[PDB]
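Next up is one chain by itself, shown in structure tokens, the form solved without the named molecule.
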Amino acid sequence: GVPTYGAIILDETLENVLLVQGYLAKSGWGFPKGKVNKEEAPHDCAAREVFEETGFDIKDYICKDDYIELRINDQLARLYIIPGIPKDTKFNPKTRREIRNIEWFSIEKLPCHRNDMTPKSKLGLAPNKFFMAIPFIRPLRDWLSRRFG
């Protein structure tokens, strides 16, 4: 699968992160990201996808070595960490045709794993509207500890 790039945008307090909600298969909440184009550098893909989905341009803020990367079923997703973006920033996607909504979420309130169904004696995980964000939350929490305190 083709790598994806995007961003974890945080506010000035470092409390909140910016998530986007799509439609249909992409109906839950996730960090803004998308598929790399042929010959496109990871940093340009991230900025491009973030600008398409949020209307916010990260290019002046990207730091080359500040990202979290996960390989999930053989697909690499790398989210550059972009702290310090004011909470009153006005975000608007390129088309409401892909992005339903854009919101800040408290990091401490977001799940960092899904819950099983052990009270129901059933295998697997309960649905969670943050399932695409979830795999980045523990690594982000740890990364913020190691770079801010």
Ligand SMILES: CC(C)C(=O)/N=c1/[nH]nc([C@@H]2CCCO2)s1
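Rigid core here is just the name for the largest C-alpha set that superposes within 1.5 Å across the two forms. From 1 onward, residues are counted along the sequence shown.
In a rigid core superposition of the other structures in 9 other deposited structures of this protein, 42-50 and 89-97 differ in how far their CA atoms stray, and the farther one is 89-97. Between 118-126 and 86-94, it is 118-126 that carries the larger average Cα temperature factor according to the deposited entry. The stretch with the higher mean CA B factor, choosing between 138-146 and 3-11, is 138-146. In the PDB entry, the Cα temperature factor peaks, among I99, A41, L110, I62, at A41.
Among the modelled residues of its chain, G28 has a C-alpha B-factor that falls in the highest third according to the deposited record. Among all modelled residues in this chain, the alpha-carbon of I81 has a temperature factor (C-alpha) in the lowest third. Remark: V36 belongs to the highest third of its chain, ranked by C-alpha B-factor as recorded.
Just so you know, the form solved in complex with the named molecule exists too; it's not on screen, but the next bit is about it.
Using a 2.4 Å cut-off against backbone and C-beta atoms, the named molecule, superposed onto this form from its pose in the bound PDB entry, places no atom that close, and the site is open. The shortest heavy atom separation between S106 and the named molecule in the bound PDB entry exceeds 4.5 Å. Although the partner is absent here, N16 lies well away from the named molecule in the bound PDB entry, with no heavy atom inside 4.5 Å. The named molecule is not drawn, but in the bound PDB entry it has no heavy atom within 4.5 Å of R138. Annotation for 120-149: interface residues with the named molecule in the bound PDB entry are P127, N128, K129, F131 [heavy atom within 4.5 Å].
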